[PDB]
Each structure stands twice: as C-alpha cells, then as structure tokens.
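Asks:
Residue numbers (the authors' numbering), protein chains in the order written: chain A, 1 to 39, 42 to 374; chain E, 1 to 374; chain F, 1 to 374; chain C, 1 to 374; chain D, 1 to 374.
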C-alpha cells in the first residue's frame, strides 16, 4: 500500500531546527519530499553535523539580485517542484519567503499545513509581519504554538474547525539533543568559565541598519562589559563588525567577536552564560526550557505566554532599560527566584501530533475546501 | 431539611452512561426524579443492563414515541410538559443532543431553570443530524456546561451569556474510574478466545456510515483488506440492517471478520483497550482512546472532540477506502514504535458529578432572579 | 414550466396581515401551498376578516391546539412534520415568533430550506415570552430575512451565517400602501360618532400588561386621569377577562372611556391615524405610527423596534402610572408644536414581496448544495 | 545604576494583603514609593495592620476622604494627581476596584504607564457598586493584569489591546504560602475554646447583605435555624450598624451564636480552614476556600470567581432563607463523604510578584513608545 | 402635570453650541436644570454669548476649577455630586469628552440614568488628550447617543449594551438650520473688508499643532508659502501663546497674513463659507464643510469624522509642511473644476433635539428597571 506523500519546505536555520524532529518523524510514517529554496557555511553544520538530518530531495537555488526577484523565484520554482511531485499535502513553518510556497500550493489545490501559525508582535515595522499575515490566511490547516496564537487566528475569523495547537516544537528538539548540549566542550574551547561571560546576539535588521538604535546597543554592550568585568561574547553579522570602526573602537578588551556556532554549541553557551541579550526568535523559548536569564532585545515580542509566567524581560534599545533589564535579570537569578514552564511548551510530542493532524485533515480539507 | 427537586430527563443508553456517576450524586445530595422518554415494557429483560451500571431505575417512563420521527418529537414535548407540571421540579438536568433534550423547550415555557451538560458540541457539518438539536437545546438552556474550553469558546461566539457557562470536563474519565474494576476483571477476551493485541475492533453504527450506498462499499472493502493484510480476527459491531444487505454478492471479508453480540460498556471497553487497533465512529472513541490509551481511528469526516487532535490521541480515518487504510497502518505503525498517548486537558478531571451538583444548587436561584425575576 | 413548490405556514392574524402582500406575490410566481395550524370549522364567520383583505384561504388546516400549551407545541411539530412529508415542498416560508413557526424544526429534519422573515427580533428581556421561540427558530432557519440592519447585526453577533442573511425591510409599509384607498375612504369615524383629532385610542391585549395585578392598576388608573385631563372620548380595546374584572370596586372608570368592537385592518388604522394620541402594545404600534404619521405611546418596557427611536417616531410609555401620564402629555405637546415625524431607513422600501420571491428562488438550490449537499 | 521608579497606590485592607507579596518584591528590584489614600493621623492601627503581615510603612498618606462620596472621590483624583507630579515616577501599580485606583485617571493624564492587577473582574450585576469603578479603571489603565483566563476573555471582548493583557494568576496562593506557618502554628482555636470541625463561621460585611431590610431578615433567620439544626457554636462576624440592629425582639437565634473580635489575616484563615462550614460575602471566600480546602458558601447572587465553579471548590448560597439552609446542608453533606477539592488553574502559580516585576520593566518603556510616542 | 426633571451639565462654548438646539426642546418638553462647571462672573462676555444662541442662562454655575488639571477634575466630580443630590433629577444629559462630563461618575453613584451625545468618538491616537475621557464617559454612561453608525459599531466592539445605543445623527445641521438666517445675513466680510472667494482661513487652536515646536514650524513656514503662492490675505485664528512666541525673528511672515479676534458662531461660519480654502483642526470643520459646502483641509493626523472621507467632503492636510501645501492645492484645484461636495448620511437629519427628548422620556425608566432594578 502507497503511504501519504507530504512535501516539507525549509529555507533558514530556525525553519530547519524547529522542523528538525517533525521532519525525522514525517520520514518514519510518510513519503516525505524535502524541498530547500535558495539560501551557508554554518547552516551545513546544524543540518548534517548537529541535527544529523538527511539530505533534501531538491535544492531550488532561488535567491537573485534584489528581494523582489528572490520572492518571484521561490513562488515560481516552488510552483514547479509542486507540479513535478504532486504531493498529497504541504508542510510549512513560519514567516520566511520560503513559505510563499503556500501561494503556489493553494493554486494547485494541494492542502497546506502551517506550523508557527498566528504569530503576532503587533508592530508593522517588523519585516516578518508582512508574510505572517498572507500565509496564516491561505494555509488550509493552521497549527499555532500557543493558545494566544489560536486566539489571534480566531479573531481574524480563520476557520475555527481547521486550527490545532501543537505546542512549541523546541522542547522536543532540545530534548532529543540534550546529551550533546551538556557534553558540548564549547566552553573549554573558548577558555570560558560558567556564569563568567555575557553572550549577546544582535542579528536583526532594525537593531543595526537603523542608526540611533545600533548606537544605543553598542554603548550598552561596553558598559555591560565594564559593569561586571566578564568577557562579552558578541555574535552579530560581519558587516555589523566592519561597520563598528568609524573611530568608535573602545569595545573594552573584553568585547570579543564570536564565530557563528551550531545548535548544541550555541545552546550550551546560552545555558551556562551569566546573562543572554538576544533578538533571536528562539530566546523566549530557549530561556524557558534550558532555564537561563534572557533580556530580550526587541520593542515587541510574539511570545507573551512567557511574560504570563515570568520567564523573560524585554530590554528594548534605549540604553537605560537594557542596563536596568540586565541588572534586574541577574539580581532575580541571584535570589534563586522561580522560573516556570509556560503552559504550551510542556508537550514534547509535537512531531507525532502534526503527522497525525496531516493524516486526519488532508482528506477533510479536500472534502470541505476543494470539494473532491 | 427540605431538598432541591431535580428532574433529570434521559432517553438513550449513552446519555445515561455519562450521567451514570452524575445521577448517583444527585440522588445523594438532591431529591432527584429520574424521568425516561422511552418504555420499560420490554425492559424486565434489559433491566439488568442499566441496573448493572449500579444505578437505581427511573421513577417515571414517559412511553413517548410514535409512527414517524415527528409524532415522536411532538410527544416528547407534551409528555415532558405534563410530567414537569405534575412534579413541579426546581430544575431540569439534561445531557447532549438527543430528541429527549427538547424537554428543555417545555421546562423553558414553564420557567424551570435548565442545566445542559455536553454544551457547545460542534463538528460544523449541518449534513450531520445531531447538529440540528445541538443548536436549539444550547440556546434554550439557562446554564450551559460544555466538556471543554473549545466548546465554551464555540458558545461564547454564538453569543450566549458569559456568566452562565462552566467547563465541567468530560464525564467519561470519572465513569470509567467507577468501573475500571469491572473492566480489568473482564472475561470477554477469554469468552471470545482472543489473545490481547491479536484482534481488530470495528464499531460502525451511524446512518451515513451504513446507508449512503457508496460509503458502505469503501468500508466493507477496507474491513476485508484490513483482515487480509494483518491476518487477525476483525470483531465487527454494526447494526442488524447492514447484516441484511451484506448477505448478497460480496462474502469476500474472509473467515476472520466475525459478528458481535451487544456487549455492556464494562465488557466492550476491555475489548477495545487490548485491541490491536479500533475503528469506531462512536462519539466516545475520541475520549475512550485518550483514557484507555488504545489506537483509535475515527471513521467520520468531522469531530466535536478536537481537544484529542491537539494532543495526538487519535487519527481520523475518514470514509474513503485509501485513507481508511493509510490511517490504520499509521495507528499500528506508531503503537509498534511506542509513540506517546497523552491526556487531553479537560479529560484530566474526575469530580464532574460533584462539580455539576454545586453548580445546580448555586445557579438554580441566580436564574430565577436574573432570567425570570421573582 | 413546473414552478418552485413553496409551503407558507401561518397561525395568528398579525402573522397573516404581514405575510399578506408577500403571499399574494408567491401565488403569482410560485406553486404556493398555504397552511394554517389552528381550526376552520368555526371560521365560517372569521372567513370575512381574512378574505376582506382580498387574501385567498389556506389549502390545508391542521386543527392543532390541545389541553395545554405543551400538548399543542407537541402537536404543531408532528402535524407540520406530516403536511411537509405529504406535499414535499422545495422550501418553507415563515414569519415571526409564534408557536406556528416551530414548523421549521420539522422542515429542518426533512432537509427543506426554511426562509424566516422577522428574523433577529430582540428586546433583550427573556421575561418577554416571544424571546423563547425567537432564539430557537432564527438558529434552525437556513435563510434569515430581518426587517432591519439592527437585526442583521443582532444575528451576526449570535454567530449566524454571514452569507444567508438579507434585509427585506419592514413588510408593513408595502401592506399599508396596498390598502390606503380602503383606509382614507373609511366611515369608521362616522360609524362611532367621532370627529378626527378628538379621541384617544388604547390597545392593551398583552397578558402581563393585563393579568399582572399592579400593571393593571397603573394602566386603568391612567386611562382614567387621561380622560378627565384631556376631556375627550377614550376608545379602549382590551380582552374580555379585563372588562370582566373592571366591574368591581374601581368600577368608576368615568363616562368618556368606551369599549371598541373589533374592526378590520383598514378600519383600525383609519382610526389610529386620525387619533389625538394612541396607547398600544401591538408590535405594529412602532411601524404603523411611522408609516401613517400619528403620535403613538408603546405600553412596554422594551421594544424590538429601536430604528423608530433612532428617528424620533415614538415615545415608550412603559407600565408605571407616573410615566404614561408624561409620555402621553409629551406625545400631544409635541404634535401640537408641528415637530417632525421621519421615515425610519428600513421602513421606506415597499417591494418586500418581490424581494422575498427573488431571494427564495436564488438561495433554495444554494441551501441544498451547501448545508445538505445534493 | 538607577532603578525603575514605581509608585504603588493603595486604599482598603484587602488591597494591601493581595499586594503584600507583590509590594515586598518591587521594593527588592525597584525604587518603590508606596502611597495610601486614607489618613495616618491614627498612627497605631495603620501600623498594627502592617506589623503582623511584615509589610513596610507607606512613604506617603494622602489624608483624602471628605463629607460625602463625591467630595472624597474627587479628593483622590486631585491629591493623587499631585503625589504623581511631585515624585515623577516611571509607572503606576494598582490593585482592584476601590476608589483608590481613580489614581489611574490622574497618572494617565500625566502620561504614566498604569499597571492594574485584578483586571477584568466582572459579576455582570450593575446593582453591585464595584462594577462602576471596574469598567472605568480597566479601560484607562495601559497594561491590564487579570488573575484568570476568564478575566482576559472578558477584557478582549471589551476590545482592550490584545498585546497588553497578561494573566498573573491569583496573588492569594502566594500571599497564603508566604504566611503558611503563621497559620498552622496559630492559637485562635485555643484562644476561643473550639475543637476543629466543631464551629460554623459567618462573615456578612457587604452593605445590601445587611442594610437591605428583607435580606437582613432571611440571613439572621438562616443563621438561627443553622445554629439549632447543627447545634454547634456559630462565630458571627459583621459590621456593628447590624449588631446594634439586633435589639428589638428578633434577638432570639439561640445562645450558640457568638460575636467575633476581628483577627489579623493569619488567624482568620486558621479559623476558616478548620471550620465545619464557612458563610461569607468576601470575594476572598472563593480563593481562600480553594487554597485551604474548606467548605465555603458565598452569600451573594454573583461571583467574579467563576473559575472556582469550573472545579467545584464552592457553592453560592444567595440571600434567600431556603437556598441558604440547603447550600449549607450540601457543603457539609458533601464534606461528610470526603468529596474532592480541586485546585483551580489560575490559583496554581505562586510567583505573581516576580511576574509583575518582570512585566513592569518589559512593558513600561513599550507603553511610552506605543501609547505616548516618546 | 408634573414633568421629568432633567439636569443638562455643560462647561465649554462648543459643548453648549451643539446642545443649543437640544437644550431649547428640553425647556419645552421637560423641567430642565442647566448646570455650568465654570464661573459667569463676567456679565460682559458670558451674556453676549447666550444672546446670539437665543438660549436662557444656566440655572446654576459650579465655578469648579483650580490650580492644576487635577484639582479642577477633582472638583467637577465633587461639585456635580453636590448639585446632583440637591435637585434629585430623574436623568442627566451630557455632551462629548470635556472634563465637564466626569459629571457622569458622580451621577452614576447616585443611580441617576445618564444620557451621552457625541458618544463613541474615536480618532484612535492615544496621544490625543480627548481619547482618555471619551473612553471613561462612554463606559460609565447608561444610554449612549452616537452621531454616526460608525460610532455605534465602535461602541458595540467595546461591548456596550446593544439595547442602549441610538444614532441621533450630528446635531450641527439642526443648529446651522436654526441660524443660517443669521449666517447668510452677516457683515463680517463687509467689516473685515474681504471679497468672497478672495481670502484663506486658518483655525489652528490645538496644542500639539502649536506647542510641539516642529509642528508649529512646519505650519507657520506653510501659512507663508500659501499667502505667497495665492497672493490673498490669510485670516489666521490661533491662541495668545503662539502670537507671543511667533514674534521671534520670523514675525515678518508676509503683509498678507493678518490677525483674527474671536468671532461668534454665526460670523465665523459666515467667514468660513465664503473662504477660498479653510485650514482647521476644530472638530466642526469635518461637519461645518459637509453642510456649509466649502473647501476644508484638516490640520490633524487623525479624525473622529471618517463619515466625511467616505463621501469625499474633506482632505486631511496633516502637520508636515509638504503634505499641507499639496492638500490646499488639491482643495483649490478641485473646487475650480467644480467637483461634488455630498451630504454625509448621519448629517442629514435635523430633528436631533426632539429625537433625544423622546429617547430620554423612554429610557429614563427602562434604565431604572433594568440597570438599577427598582
């Protein structure tokens, strides 16, 4: 007997990392066509080496000069591999262009399952929020992480029949590899002593290319080095480092430039840090699971479930609240003050919840939406 | 003392099974008059079945029913209206979406507070018959007690009174508890001589899983090829009507497929819980598979129990041959990989009986005041 | 040709008066089977009123009604269930919130599209007995045609289907139109020995304006101190049980108040228009006052006609003495100062007949493909 | 360093108890300026209160309050408005629906982020004086911190900003853990010479349970025939405007009914926990009975704590003699049989303090950007 | 006779102007007590003001006000409560989002029904200071009376009582009607000696269009380049504070730019209608230009009058210099091509005075029974 043919599409790190355990299970129980769009030196590490994940059945080589082309391609290329394979159903995660795949899918009346549905920061100025909107509303079955997201989705009048709450995939994903995270010798290979180094991740566009903001960050990254006197392990984009000349320099001795690390290594680093300042998507969750002090360096969060439990503090950019936040963050953890699992992160069986939703709801959408 | 007069109105077996524990507690703490809409006068043979539930018999058999589904509805309104006039009870307690629950229409015209368990029960497929009464009985009830937050949500969107909804939980976990003794000490396996994990169960009792001449072909054809592929008996509990229509042309479902007798809850749950796989359309399945952690495959096109799909407790087989197979193969393949069965959020609680009781005592008066003014 | 076979189901007079114009059309464009829940045996005197009105007579009568409200519901369902099963209509028409329109409950089971005019009627006081049927039939109906945006809103918020709602607008302007020759050419001012603008009219027919002991006292006490204050006739139409009780201690009443012999539609409105002030509790009090611009003072403590307050074409007298005095003092004191009466939006169109006809044709097949899928 | 400057404004005692755990925390992590609206010029009491509870002394006392509610309301706005303008704080922390938290209306003008715990409190009876201030402060505050998911649902539906609603959980489960020994190593049972499970407790402080002449009757009546029925001591706690009102012939209700000397927080709860049954009209009755698992009976006709009925931690007596004796019988009848007492969901967590700290830092600067564009 | 006792409470000239036509009808039909929150102490201007509006003087003058926006809020609450006790009026009539309508906080504590015109005003910019009181006084009012069907929708989505909202339409048409005599015969063009269509009007009264220095620069800079490009005199009405800080180097701005005195409703409207272009932030502009059909450009970032953008009767020029010049061109360049000005739907009705009066006599009591159960 032929097994259900699913197509699963990824493009960025976190796409690949959160799907990581959901892809391995969709191999077990389905006939999974793994597509990969256009877009990386240290993404070959988390694929293959860390996640020990199996090769894609297609790389599409989308990319191009200028955003407009890339978005164009992904739609077109995606359109073809969806004609050429005719899968019964499509898996998509999140807010990247690599899930503009949903538009082509929808045209070819192929049912769409979207994990990381209903994601809302409620600031238009965040680039993510343009797709986020489109693709929530074009995916036939929406699988949001939280109930916050299920609420958000119902409120924009999306079919309450075709919503299921997976919970976060990131508990399961961290669990699977927990061994490798605690056995990471990454500390011993940077000569770093647990709770005596501060890790920073300013990767985001609105924290570098916007002018006043980058200034606020950087001035604080110094004062944070000085105020505690442990090495600051600063992980950004290269341009961000080349751009930090313009005769500002200072950066104490202590502020180090930091190689982009794999999953285990970067987590192991996070887990045993003094404080983490990250604009990372995974922070709100990484901090809640691996139990560590994170100041979240955004002006908005899509992960409120965590504020509801006192697991995170929201820095922002203006210098004072970053400082205040990090002093709050440590003072708190220095009084062994409770840090509780968020409700929707407890379940570690996301992989199988989704495989069962796809088997269940492929026909049901064909029957309902498309009338076959 | 002076006690609260509660008339609890029922009519179908599953109705009762779910009220089973709930009725017991209403006898304890109230003056419960238990009305039935059906007959007792073939029911000195079938009195065991629904005493063996360890339950007192009803105080009143309305012997409603007539020529057509119509006369029979008509009756249940009038015959209830009457028994409600006679006993003049303080509150009406009602389960689910049967024709019994039109009793609410009568109690309502008579300004008796109405308390409807299993509220907000939605599969969103108007072609499903249950869904007609569901809509009516939810909106004419005064206190709505859905099993789930899903079902609270559904009610709050249809614009029902915020103040008068409570999430009781599913009654099943508690029932199954007050009988897991009877279940675990069940011969049924040794009566039918089956090894545990070496038989497959198929419960197919619904019009539109029996009648729609096409669906009955996709299924019979799949009950065959299931037998063929696994090579184990295939205990098949359906209606008599189908047995009439299957004794023509196609015998093809092997020696292995067998007929079932009726079997009381106690026996039937011991038969489900050790089955290799269970293909049911019984509304329970969703709940029973969560509780008695077994491989469940819903042969429907719509659920009122999505809280299960949220947790990964069930797979929905559907009614097309091809998926009905893919679906069983997915069930077995994941039990054999020892994947997890996980408790739904609203199925965790076992104190539903006592939960309703306080609710009824509380909101009896609150409804006379707010909704009627007295 | 063969034409759309359309059962139309009525009960009370007010129900038929509104459906009047709308039936007449259905008769021209469709194969309309009219049907009446009550009795005809006696009717060989009533015949007049509900033929004078030029309305043809029901194809069937259901001689339902029983020992108690309760028998009689139980009847209309089973009775209506059959009239449908026989004549096998393509679709059901229906108006308002009488027990006559539990007809839907059956029509729904038998997979007949129901169209329900006077949809989304709400006053938001469940003490008002109409509020019980209102909720039920709106949710069992397949297409709701409310008179106003107001109700379309009410409905959407009860989470009803966006796509199966149309605002017919009030059918009362179309019907008052079709009879304004038979209204402006009526003797009924002569008949009763009355000059125009020289007589108050009072209609208290609602129970609980009447039965309720205090409400009677206030109301009666008022109709008095009105007649003395304004010193003109006070033409009064109530039920008999009130007159029966009026011959008591407070017999006084005063010589100016008279009884009113029940007069046909034409005559009753011809009365109301040329009246000095009107106190009624008819649902029509709101609409009629609007369409024939006269001062009306609703004896109630809720409307389902807010649209009329949005334009200032009615005061709400209520039930208490002190108010009704002021409300009527207001009413007159305003029409004395030439203050404007304004058409409400949803009362201006007069094609409600042809609208329903065009809507019923359009959506009949839709409601099958969609809800029932054939 | 600099720290965030948090003004915490308080008024009534229950406000200060719930904030107790949360205040001690903002002191630890912030520059907290605690402000009381009432008068200090009676020193002792304002300081024997804070002492047994271990809360610090307020930096400031607003000696507002005037001839009437109206003068005193407006004194809080203007005196509050001033304390805010002087201290130029970063943010405002507020609990509940006392006249104190009109302070928001001031803060909001001076563009100070308001954080408002016990948000979305709704019992849906506008008769109940709290529901006035409830609507107002909820909707002027910039971040609403509702105890439960219920109160979130309420708020979202009043279309408050999605993005600034966080569910803290109830702060009682924390306050009550933080004084758990002070309770269990407490004398109050020796002090008064009572064996556990051997005394009933009655607290009726709410005006309208007391100052309403009918309700007063039924309660005193019901406290009477309780004392007689169960023949135990009945430790009564009520305002003295009521006591003084016992002198005129209805003084009877047996000798077992005692007065109550008020008791600090620790001791009153110890009294409640070990009680046979508790009647009270405290909003704390709901929570206290859940967390210390004793059989409570709310003497109201509305909760703002429906979460507790979702689990069956409580019964609602009402004010009627009948439904009160009944609801007490149930409580102990259902205690007798060791029926379960289940933790409500939003009463579980006990870090409500650290939640509120982490939130105020997070969202203070967010509000300045979003609302006030700085 | 004995008539309903209304207390209408005002505080500001533009408040009064809108009520002008409503107030007059309230002297006719009720016993109206007209309270004011400020002082008269100034026969000189406070008498000439009520001269033109043909309006009786206020019955009372609370003189509320003091040191800071805080004292003055606090007082309107206390001083309103006092005068509300004394007169024990049956109902309170209130307009808009001034501090004067904090009157409803006090009245609401004395269970006096509150009626609120200009209900449901939302521009949706939380930085705009009216948007604080708008939120409070909408949610503490008992019956809301929005101008627009927009503002109904807005009030409905903050979950306000469906039964207690009524769309009056805008009161401005009515007040312009009740003068357009005085307007069409105005010497203000003779007096200031401007030919019609040959001057440009700029009404810049809002703080935030004056105090926020960048806004003040982008506007002044703008007023010049307009004076210059068109070569017409520029009637410019603003506050003292600007003039004082406008003469700071760049006081020279063109000979063409001239000074305004205040001018009456009649004169300023008369000046408006015959202007070439009119730049305003006066909320009126949105309406004043739908009605007296002139080119309006709104110097603002938000509108509480979308109904106008729906029909194409105004351009929102905003505060940034560039978009201002483009906006004013777009006005002239469009009026020269003679492009359609069109009536806003909710601005057509002219019987708002009466409309309210009936709605008060009606819901005065409905509210005492429903909200206050009496």
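Where is the CB? At the ideal position from N, CA and C, for every residue including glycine.
Chain C beta carbons: is any one of them nearer than 7 Å to that of residue 166 of chain E?
Replies: yes
Asks: Against chain D, does residue 126 of chain C count as a neighbour if the rule is that its beta carbon must be under 7 Å from one of theirs?
Replies: Output row for residue 126 of chain C: interface = yes.
Asks: Would you say residue 346 of chain C and residue 154 of chain C are within 7 Å of each other, going by their C-beta atoms?
Replies: No. Outside cutoff.
Asks: Let me know if residue 48 of chain E comes out buried or exposed under the rule of 16 or more other beta-carbons within 10 Å of its beta-carbon.
Replies: exposed
Asks: Under the rule that 16 or more other beta-carbon atoms within 10 Å means buried, what is residue 78 of chain A, buried or exposed?
Replies: exposed
Asks: Helix, strand or coil for residue 74 of chain D? Go by DSSP, reduced to three states.
Replies: Residue 74 of chain D falls in the helix class under three-state DSSP.
Asks: Taking CB distances under 7 Å as the criterion, tell me whether residue 73 of chain F reaches chain E.
Replies: With 7 Å as the cut-off, residue 73 of chain F counts as an interface residue toward chain E.
Asks: In angstroms, rounded to a whole number, what distance separates the CA positions of residue 11 of chain A and residue 123 of chain A?
Replies: Distance between the alpha carbons of residue 11 of chain A and residue 123 of chain A: 22 Å.
Asks: I'd like to know whether the C-beta atoms of residue 300 of chain A and residue 281 of chain A end up nearer to each other than 7 Å.
Replies: yes
Asks: When DSSP labels each residue in this structure, what does residue 163 of chain F get in the three-state scheme?
Replies: coil
Asks: Would you mind reading off the limits of the alpha helix (DSSP H) that contains residue 324 of chain A?
Replies: 321-335
Asks: Note down the Cα distance separating residue 189 of chain A from residue 181 of chain A, rounded to an integer number of angstroms.
Replies: 15 Å
Asks: Return the first residue and the last residue of the alpha helix (DSSP H) that residue 156 of chain E is part of.
Replies: 149-157
Asks: Work out the CA separation of residue 98 of chain A and residue 107 of chain A for me, nearest whole Å.
Replies: 16 Å
Asks: For residue 195 of chain F, tell me which candidate among F/274, F/358, F/256 has the shortest Cα-Cα distance.
Replies: That would be F/274, whose Cα lies nearest to the Cα of residue 195 of chain F.
Asks: Under 9 Å, CB to CB, which of the residues in the segment 278-292 of chain C have a partner in chain E?
Replies: Of all residues in the segment 278-292 of chain C, none places a beta-carbon less than 9 Å from a beta-carbon of chain E.
Asks: Over what stretch of residues does the alpha helix (DSSP H) that includes residue 363 of chain C continue unbroken?
Replies: Unbroken alpha helix (DSSP H) run through residue 363 of chain C: 352-370.
Asks: Straight-line CA distance for residue 121 of chain D to residue 353 of chain F?
Replies: 39 Å
Asks: Can you pull the chain E residues whose beta carbon is under 8 Å from the beta carbon of residue 342 of chain C, in chain order?
Replies: 349, 351
Asks: Could you pull the DSSP bridge partners for residue 119 of chain A from this structure?
Replies: A/146
Asks: Within the same chain, show all residues whose beta-carbon is closer than 6 Å to that of residue 166 of chain C, passing over the 5 residues directly before and after it, in chain order.
Replies: 145, 359
Asks: Decide if residue 293 of chain C is buried, meaning its Cβ has at least 16 other Cβ atoms within 10 Å, or exposed.
Replies: Label assigned to residue 293 of chain C: exposed.
Asks: Measure the C-alpha to C-alpha separation of residue 80 of chain E and residue 30 of chain E and round it to an integer number of angstroms.
Replies: Looking at the two C-alpha atoms, the distance is approximately 20 Å.
Asks: Given a limit of 7 Å on CB to CB distance, which residues of the segment 358-372 of chain D reach chain F?
Replies: 358, 359, 361, 362, 365, 366, 369
Asks: Output needed for residue 340 of chain D: all residues of its chain with C-beta closer than 8 Å, excluding positions within five of it in sequence on either side, in chain order.
Replies: 312
Asks: Inspect the CB distances between the segment 217-237 of chain C and the segment 252-260 of chain C and report whether three or more fall short of 8 Å.
Replies: In the pairwise beta carbon analysis, the segment 217-237 of chain C is classified as touching the segment 252-260 of chain C: at least three pairs are separated by under 8 Å.
Asks: Any Cβ of chain D within less than 7 Å of the Cβ of residue 323 of chain F?
Replies: yes
Asks: Taking Cβ-Cβ distances below 9 Å as the criterion, which residues of the segment 19-34 of chain D are in contact with chain F?
Replies: 25, 28, 29, 30
Asks: Using a Cβ-Cβ cut-off of 7 Å, state whether residue 95 of chain D counts as contacting chain F.
Replies: no
Asks: Quick one, which residues of the segment 128-139 of chain F are near chain E if we go by CB-CB under 7 Å, in chain order?
Replies: 132, 135, 136, 139
Asks: For residue 326 of chain D and residue 316 of chain D, what's the separation of their Cα atoms in angstroms?
Replies: For residue 326 of chain D and residue 316 of chain D, the distance between alpha carbons rounds to 11 Å.
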